[PDB]
Amino acid sequence: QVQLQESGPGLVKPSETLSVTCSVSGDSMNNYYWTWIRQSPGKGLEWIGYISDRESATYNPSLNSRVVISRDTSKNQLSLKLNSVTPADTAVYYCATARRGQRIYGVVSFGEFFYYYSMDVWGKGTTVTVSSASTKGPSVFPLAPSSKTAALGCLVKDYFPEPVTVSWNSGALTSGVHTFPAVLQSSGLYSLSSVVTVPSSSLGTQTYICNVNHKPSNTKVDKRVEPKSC
Amino acid sequence: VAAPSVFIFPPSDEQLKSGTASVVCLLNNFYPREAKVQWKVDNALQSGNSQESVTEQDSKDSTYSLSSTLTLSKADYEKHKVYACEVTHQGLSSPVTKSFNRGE
Amino acid sequence: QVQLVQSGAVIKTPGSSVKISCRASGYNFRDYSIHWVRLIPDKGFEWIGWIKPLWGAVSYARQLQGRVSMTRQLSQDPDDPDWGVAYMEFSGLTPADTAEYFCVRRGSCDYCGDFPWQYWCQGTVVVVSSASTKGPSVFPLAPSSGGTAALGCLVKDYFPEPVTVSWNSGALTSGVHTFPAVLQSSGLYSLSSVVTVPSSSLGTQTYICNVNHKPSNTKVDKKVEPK
Amino acid sequence: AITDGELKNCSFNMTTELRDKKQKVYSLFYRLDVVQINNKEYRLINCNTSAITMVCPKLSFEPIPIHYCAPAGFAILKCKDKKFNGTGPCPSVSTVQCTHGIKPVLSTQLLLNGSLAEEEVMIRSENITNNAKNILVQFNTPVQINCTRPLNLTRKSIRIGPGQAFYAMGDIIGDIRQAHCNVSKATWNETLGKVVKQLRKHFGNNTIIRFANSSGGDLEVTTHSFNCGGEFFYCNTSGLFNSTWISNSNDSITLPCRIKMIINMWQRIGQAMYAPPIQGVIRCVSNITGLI
Amino acid sequence: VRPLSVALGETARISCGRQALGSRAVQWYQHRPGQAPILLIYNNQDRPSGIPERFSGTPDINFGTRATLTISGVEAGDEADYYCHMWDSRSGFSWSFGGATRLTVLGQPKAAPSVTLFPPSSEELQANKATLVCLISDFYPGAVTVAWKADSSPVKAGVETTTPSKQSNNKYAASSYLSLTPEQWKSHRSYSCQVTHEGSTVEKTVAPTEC
Ligand SMILES: *[C@@H]1O[C@H](CO)[C@@H](O[C@@H]2O[C@H](CO)[C@@H](O[C@@H]3O[C@H](CO[C@H]4O[C@H](CO[C@H]5O[C@H](CO)[C@@H](O)[C@H](O)[C@@H]5O)[C@@H](O)[C@H](O)[C@@H]4O)[C@@H](O)[C@H](O[C@H]4O[C@H](CO)[C@@H](O)[C@H](O)[C@@H]4O[C@H]4O[C@H](CO)[C@@H](O)[C@H](O)[C@@H]4O[C@H]4O[C@H](CO)[C@@H](O)[C@H](O)[C@@H]4O)[C@@H]3O)[C@H](O)[C@H]2NC(C)=O)[C@H](O)[C@H]1NC(C)=O
Ligand SMILES: *[C@@H]1O[C@H](CO)[C@@H](O[C@@H]2O[C@H](CO)[C@@H](O[C@@H]3O[C@H](CO)[C@@H](O)[C@H](O[C@H]4O[C@H](CO)[C@@H](O)[C@H](O)[C@@H]4O)[C@@H]3O)[C@H](O)[C@H]2NC(C)=O)[C@H](O)[C@H]1NC(C)=O
Ligand SMILES: *[C@@H]1O[C@H](CO)[C@@H](O[C@@H]2O[C@H](CO)[C@@H](O[C@@H]3O[C@H](CO)[C@@H](O)[C@H](O)[C@@H]3O)[C@H](O)[C@H]2NC(C)=O)[C@H](O)[C@H]1NC(C)=O
Ligand SMILES: *[C@@H]1O[C@H](CO)[C@@H](O[C@@H]2O[C@H](CO)[C@@H](O)[C@H](O)[C@H]2NC(C)=O)[C@H](O)[C@H]1NC(C)=O
Ligand SMILES: *[C@@H]1O[C@H](CO)[C@@H](O[C@@H]2O[C@H](CO)[C@@H](O)[C@H](O)[C@H]2NC(C)=O)[C@H](O)[C@H]1NC(C)=O
Ligand SMILES: *[C@@H]1O[C@H](CO)[C@@H](O[C@@H]2O[C@H](CO)[C@@H](O)[C@H](O)[C@H]2NC(C)=O)[C@H](O)[C@H]1NC(C)=O
Ligand SMILES: *[C@@H]1O[C@H](CO)[C@@H](O[C@@H]2O[C@H](CO)[C@@H](O)[C@H](O)[C@H]2NC(C)=O)[C@H](O)[C@H]1NC(C)=O
Ligand SMILES: *[C@@H]1O[C@H](CO)[C@@H](O[C@@H]2O[C@H](CO)[C@@H](O)[C@H](O)[C@H]2NC(C)=O)[C@H](O)[C@H]1NC(C)=O
Ligand SMILES: *[C@@H]1O[C@H](CO)[C@@H](O[C@@H]2O[C@H](CO)[C@@H](O)[C@H](O)[C@H]2NC(C)=O)[C@H](O)[C@H]1NC(C)=O
Ligand SMILES: *[C@@H]1O[C@H](CO)[C@@H](O[C@@H]2O[C@H](CO)[C@@H](O)[C@H](O)[C@H]2NC(C)=O)[C@H](O)[C@H]1NC(C)=O
Ligand SMILES: *[C@@H]1O[C@H](CO)[C@@H](O[C@@H]2O[C@H](CO)[C@@H](O)[C@H](O)[C@H]2NC(C)=O)[C@H](O)[C@H]1NC(C)=O
Ligand SMILES: *[C@@H]1O[C@H](CO)[C@@H](O)[C@H](O)[C@H]1NC(C)=O
Ligand SMILES: *[C@@H]1O[C@H](CO)[C@@H](O)[C@H](O)[C@H]1NC(C)=O
Ligand SMILES: *[C@@H]1O[C@H](CO)[C@@H](O)[C@H](O)[C@H]1NC(C)=O
Ligand SMILES: *[C@@H]1O[C@H](CO)[C@@H](O)[C@H](O)[C@H]1NC(C)=O
């Protein structure tokens, strides 16, 4: 019913206003109370704060006053803005909605209850890190097939900020498409290696382009796999 | 009065692989509680190797069971062939036996 | 209400000694005598002793001299006089002392004696056995192939009791017979458990004997079929 | 997090067995029974003038029917006229040895577990046109009430001296809830349909009869006092006495209710009592037979 | 954060660890690594759509019995972290999750390896690099070694891996990149990919003329 996509730049510089925007469809956003949760790597989860429908602004008293939520009802776009960001703000950001409940334990209209929330739509997550480094365009080289099924592959050398998205046939090939972790280089970079299973009776026929996307460096790539006699 | 349906459970290899097997006479669904249930090993009376237990009178049928055992060593069961019990009641006009010849 | 809470179930080895407590409430504990009686499984009752509170004066049987001893604990509260705790220590245990012990009070009276026993505690069983805790195995029982026939299993050589045995987990309950625990073969019990089914279904279904010896966390499942 | 607190959690010194050693003890006093001296430091409500005598724990205060009897040479006469407003001749008299058993209950503004009338509501006063005289009302049918203290409590056993202890509140095992009482609404609105009906024979048919609530005072006279279950409830009754009358199912009225445990009954100079806490929740059921 | 371990099929029991006071409203999640959390139990008892019926909280508890999660029978894809989210009446507004227990199941099969082979890609052999890549998977357990010999001689230079990590099919994986160059290829007649699991070794060989 409600579909949630996360957006956000892969690298930002320290001491800078962070911005994570939540793409929302369905337009049923004015029946819910919106929030953000995050997981700094190596820890459990932690909430961030609540925005209501009437805009009642609360936030966690484990962060300082440097947190602000805005919500748009026109473009239907939620915003998260961590001000004066540090490397302590290295985490994975989930946009979420929650309903209300109340557990009555006594006489109503004496105030003998309390509220409890729960989350119902889970988003897709955006990963953001903080460093003084700059974004580096990749060096993409498609890997040729072998003679058996068959081993279609791709290499994205020299990429940071990580992760890497690699698809096939301009996105249209989803059968047998899988990637593994991009292996950490000693130079502070990363090298993705792809693996895709295609039959060899077909792999030498169609137009297998290694399709990559890269938002943080602002580059799109389409390079053709060439056949070889392995 | 009533009559119990006599059984004889053969000595399985499941317990003779441990060295002591169980020849189990087994009476069910009778009254009165008293009974004279005897047994024989190769048509010969034994003793001192049995533990017999009765049960209590049921709340639905008001009847009784009985289960005796004949626990011997593994040399003693394969030595003999003809295994049988004996059942004797006020409500039976004839002694009833059932048999299980060993190896046959 | 005149309550007499006795604790508790004990398993010991021969040569040892046990202390059994008996908490009373609902009456003035400093006023009424407390008998101790023992209920042998094959000899009937046997009077152990007799304790009188407010001073602790005791008397015993004469066949239990030199072994038994009992005392009490008086509540000292000016705003709660109605409870109290009795004790009993029964030393020199042997396996022939296994029975169920009771802690028995009389009732209010005008024209009677001391021994008529009105309020009864629940009792506790003191087992004296040199056997150690051991799990049960399981062994199937069936005929080779109209008339009804006994399927069943044999649950042999366990310690201590009780084994709870269910059938096909566990809805097969009709036609199900259990025997009390067969006595000590070198210190270990066994249970017979047979189920009568018509002899057509022997060649059709697979039957399960679910042994649950809880004090040793043993669980076994034998299939029973016409072999 | 404060919504509207009731209890307070305290700390003080207390002697051990040997009366030269001092230890820290706590308790849970209500806020009515604690006043301020000047973190922060508090004390009890009456350390100036009164010696607060702890009511013994072996005691029990409870309504039990007392029969008033006359010794030899004396007799008691009982009226049986059903229209007896309280004065003048009673044409039906019978001698009695001992009166019926009245249950001594000490309450204000409402008469609990009383004796009923016979046919109709009986309004009864001394000099009706005089303001300073109270107006006694007596019902022919009882009006039921249900009262509770819905929070659970235990007792500490902080000793004082050799053989003399002291009981206090220890823990809230559960959840904090306000003590309250229910009166049904459809029975209360019909029971006022009778008190208005026979007030108008004393004042006039075409008059308007209204009920207000109070105009001031202490807790003993602005509210409804009990003595039930061993505790002392002071319920706010501004929801019952509130309506007008103009001469033409299951919804209960809830009444909020306070609790205090240092009471001074009859207001004697320098004297005060103390009720020890009751272990467990308290439940009460009573009838209302009459008003003042 | 906290481990937990049962056999496959064995009933898992997760106590929370929040000494709840008063009246409560517990919530349990499935946080399956690689994905986002999933609301399992709602308001002590509600299992919404998309949650399988093998998961159930405690609807029948009175006041004072500890809430515990009961998974009836565990499937391979059920290794995850199980947070107990517990609000109370004698506490403030509750923003601390509290853990949690990781149901790591035992009795899972089975290590059955394979190596996928990848060429020296002729588009960047002119840029003096080699795309000799092995891509390894299909394990249980997944703590696995990758190795690269120069025909008998172990080399470690130019090699960069990660730690092992799971796939989507509940088996593990291991991947590796090699920074070899056409100066380092032609010095030896061949290199060979080696994968070991539990003492057993897979051997695959490559060459510039036989990839
Ligand atoms: C003076 O008069 C006053 C008013 O006349 C009285 O004030 C009343 O005081 C009581 C307390 O004594 C209050 O009760 C509480 O109300 C909660 C709110 O109720 C909501 O939901 C109701 C559901 O209706 C069903 O259930 C009720 C009772 O179960 C039943 O009467 C009704 O016909 C129907 O079957 C709905 O009707 C209401 O309008 C509200 O929407 C109520 O939920 C509370 O019960 C909770 O809490 C207690 C303690 O925690 C539990 O023991 C209960 O079982 C129940 O908890 C259940 O739900 C929880 C989820 O919220 C779960 O966590 C629990 O595990 C449990 O779940 C089981 O039971 C459910 C019932 O079947 C199932 O659905 C579940 O699946 C599980 O099986 C609590 O009782 C009154 O609200 C209050 N009235 C007013 C108007 O304020 C006052 O008492 C009087 N004083 C005197 C002295 O007489
Ligand atoms: C108006 O009249 C009604 C009708 O009698 C009256 O209600 C009565 O209140 C008393 C309060 O003492 C009730 O007595 C209690 O009843 C409960 C029921 O479970 C018992 O548990 C109690 O037993 C305890 O008593 C002591 C309390 O500490 C302990 O010493 C003892 O060991 C027990 O624990 C006790 O019997 C009585 O039952 C009701 N009556 C009815 C019919 O329910 C009401 O109090 C009167 N109104 C006023 C303001 O007094
Ligand atoms: C309670 O009931 C009694 C009797 O039922 C009431 O007493 C009655 O009071 C009236 C007051 O007006 C008396 O009437 C007056 O009588 C005198 C002579 O006695 C006369 O001079 C006056 O003009 C007037 O008629 C009446 O006599 C008296 N009843 C009897 C039997 O003497 C009393 O008023 C009632 N109380 C209330 C508060 O209503
Ligand atoms: C404990 O609760 C009391 C009761 O609400 C609080 O009392 C306040 O005291 C201040 C002191 O002058 C008053 O100005 C307020 O009007 C009182 N009430 C409220 C609701 O604030 C007290 O603040 C509480 N204790 C602490 C340490 O905050
Ligand atoms: C009232 O205050 C006392 C202490 O002033 C509290 O008792 C403490 O409870 C904690 C539980 O988290 C224990 O660790 C401490 O050891 C206790 N202190 C003492 C001296 O026993 C008590 O919990 C408070 N009561 C309420 C209802 O808040
Ligand atoms: C004991 O009495 C004194 C005198 O009334 C109380 O102290 C305060 O004194 C000033 C000036 O005398 C009065 O204006 C205040 O009204 C008094 N406060 C109160 C609360 O009465 C003192 O508080 C009293 N102590 C106790 C325990 O009641
Ligand atoms: C009030 O609290 C007491 C505990 O202080 C509760 O008594 C317990 O009740 C449970 C459930 O029956 C028992 O398992 C415990 O043994 C009891 N404790 C004691 C010390 O007796 C009591 O039930 C509570 N009352 C209410 C109405 O909830
Ligand atoms: C006061 O409490 C009593 C229970 O002690 C209530 O009596 C019950 O009322 C309901 C509704 O009419 C009936 O279903 C029950 O059968 C009644 N109980 C008994 C024992 O008869 C009574 O309704 C309450 N009164 C008020 C005014 O709330
Ligand atoms: C009932 O009595 C209460 C107090 O006993 C009266 O409450 C006051 O109401 C006025 C509004 O007219 C408020 O300004 C005061 O603050 C209230 N007093 C208190 C102590 O809070 C009330 O007027 C009376 N009447 C009704 C119909 O409720
Ligand atoms: C008794 O209860 C009435 C209400 O039932 C109380 O009146 C309330 O007083 C507060 C104080 O300002 C107001 O905020 C509420 O709006 C009033 N309620 C209504 C309905 O008007 C009254 O104050 C209570 N008595 C005492 C002494 O507090
Ligand atoms: C409180 O009122 C009730 C209601 O009258 C009394 O309970 C009995 O209720 C029945 C109704 O079926 C009447 O017929 C009885 O006459 C009532 N009394 C008795 C003794 O059974 C209840 O008794 C009243 N409380 C007291 C203390 O008298
Ligand atoms: C003791 O003897 C008296 C004599 O009258 C008799 O009444 C009483 O029953 C006897 N007591 C017992 C316990 O037999
Ligand atoms: C009670 O009933 C009367 C008559 O039906 C009605 O006029 C009045 O509004 C009701 N309520 C109160 C509070 O008097
Ligand atoms: C008031 O009403 C009563 C009702 O019967 C009647 O007897 C009386 O005469 C009336 N009084 C006036 C002044 O109307
Ligand atoms: C008093 O009466 C008014 C008018 O009927 C009503 O609105 C108000 O709620 C009453 N007060 C209380 C405390 O119920």
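Of D:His100, D:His224, the sequence from fewest to most neighbouring Cβ atoms within 10 angstrom is D:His100, D:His224.
Within segment C:61-102, what residues put their amide N at less than 20 Å from the label point 7 Å along the Cα-to-Cβ vector of C:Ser132? In segment C:61-102, the label zone of C:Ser132 (backbone N under 20 Å from the point 7 Å along Cα→Cβ) covers C:95.
For segment C:216-225, the Karplus equation 6.51 cos²θ - 1.76 cosθ + 1.60, evaluated at θ = phi - 60°, returns couplings of 10, 6, 9, 8, 9, 9, 9, 7, 10, 7 Hz by residue, with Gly and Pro reported as x.
What shape does segment B:5-101 have by the C-alpha gyration tensor, where a ≥ b ≥ c are the square roots of the eigenvalues, rounded means a/c under 1.5, and otherwise prolate means a/b greater than b/c and oblate the rest? In terms of gyration-tensor shape, prolate.
Here is the size of segment C:68-227 from its Cα atoms: Rg then Dmax, 23.9, 77 Å. Under the convention that each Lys and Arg Cβ holds +1 and each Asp and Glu Cβ holds -1, the size of the dipole of segment C:137-224 around its Cα centre is about 120 debye. The modelled label-to-label distance for the pair B:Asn101/D:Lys8, using points 7 Å beyond Cα in the direction of Cβ, is 10.1 nm.
Only helices enter this figure: runs of n ≥ 4 DSSP H residues, each worth -39500 (n - 2.57), summed and divided by the residues of chain A, yield 0 deg cm²/dmol at 222 nm to the nearest 500.
Sorting E:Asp60, C:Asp97 from the fewest to the most surrounding beta carbons within 10 angstrom yields E:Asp60, C:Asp97.
Between E:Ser165 and E:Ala173, the built amide H atoms are under 5 Å apart, and every one of these is 5 or more places off in sequence or on another chain. Computed from backbone phi with θ = phi - 60° and the Karplus coefficients 6.51, -1.76 and 1.60, the 3J(HN,Hα) list for segment A:43-58 is 10, x, 9, 8, 6, 10, x, 10, 10, 9, 7, 8, 6, 9, 9, 10 Hz; x is used for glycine and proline. Using a cut-off of 23 Å between Cα atoms, the listed pairs E:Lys149/E:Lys186; E:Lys110/E:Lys166; B:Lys60/C:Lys219; A:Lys228/E:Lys171 include B:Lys60/C:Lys219; A:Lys228/E:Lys171 as exceeding that distance. The trypsin sites (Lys or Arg not before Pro) of segment C:1-87 that meet both conditions, a loop assignment by DSSP and at most 13 other Cβ atoms within 10 Å of the site Cβ, are C:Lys43, C:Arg62.
Each stretch of four or more DSSP H residues adds -39500 (n - 2.57); spread over every residue of chain D, this sum gives -2500 deg cm²/dmol at 222 nm. Of the trypsin sites (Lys or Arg not before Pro) found in segment E:123-211, the ones in coil according to DSSP and having at most 12 other Cβ atoms within 10 Å of their Cβ are E:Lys156, E:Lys186, E:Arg189. Given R0 = 60 Å, the distance between the Cβ atoms of C:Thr204 and C:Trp120 translates into a calculated FRET efficiency of 0.70.
The alpha carbon gyration tensor of the protein assembly as shown gives principal lengths a ≥ b ≥ c with a/c of 1.5 or higher and a/b no greater than b/c, which makes the shape oblate.
A simple rule links phi to the HN-Hα coupling: the Karplus curve 6.51 cos²θ - 1.76 cosθ + 1.60 with θ = phi - 60°, which for segment D:12-24 gives 7, 8, 8, 5, 7, 4, 6, 8, 9, 10, 10, 9, 7 Hz, with x for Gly and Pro. For the pair segment C:1-76 / segment B:47-83, the C-alpha centres are spaced 40 Å from each other. Applying 1/(1 + (r/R0)^6) with r as the Cβ-Cβ distance of D:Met54 and A:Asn30 and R0 = 45 angstrom yields a FRET efficiency of 0.15.
A Cβ-based charge dipole, computed about the Cα centre of segment D:1-90 with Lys and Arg at +1 and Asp and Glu at -1, lands at about 160 debye. Distance between the 7 Å Cα→Cβ label points at A:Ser131 and D:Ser157: 6.7 nm. On the basis of the beta-carbon distance and an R0 of 30 Å, D:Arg200 and D:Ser94 show a calculated FRET efficiency of 0.35. Among the chymotrypsin sites (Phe, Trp or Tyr not before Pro) within segment E:29-83, those in coil by DSSP and having at most 16 neighbouring Cβ atoms inside 10 Å are E:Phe63.
From the cross-link list C:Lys12/C:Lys134; D:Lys40/D:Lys260; D:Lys133/D:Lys197; C:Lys19/D:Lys156; B:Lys36/C:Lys43, which pairs have alpha carbons spaced over 26 Å apart? Violating the 26 Å Cα-Cα cut-off are C:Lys19/D:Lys156.
Partnerless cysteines in chain D, where a partner means another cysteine C-beta under 4.7 angstrom, comprise D:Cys10, D:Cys47, D:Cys56. Mean residue ellipticity, 222 nm, helices only, chain E: the sum of -39500 (n - 2.57) across DSSP H runs of n ≥ 4, divided by residue count and rounded to 500, is -500 deg cm²/dmol. Under the simplified labelling scheme, the A:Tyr115-B:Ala2 pair shows an inter-label distance of 7.0 nm, with each label point 7 Å from Cα along Cα→Cβ.
Counting other Cβ atoms within 10 Å as a rough exposure proxy, the listed residues A:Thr207, E:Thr145 run A:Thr207, E:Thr145 from fewest neighbours to most.
In segment C:137-224, taking the dipole from charged Cβ atoms about the Cα centre, the farthest positive-side position among C:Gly152, C:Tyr189, C:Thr206 is held by C:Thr206.
Here segment C:3-128 is treated with +1 on each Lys and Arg Cβ and -1 on each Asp and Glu Cβ, and its dipole about the Cα centre works out to around 420 debye.
No lab work stands behind these numbers, since they all come straight from the coordinates. We place every Cβ from the backbone using ideal geometry, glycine too, and count neighbours over all the protein chains shown.
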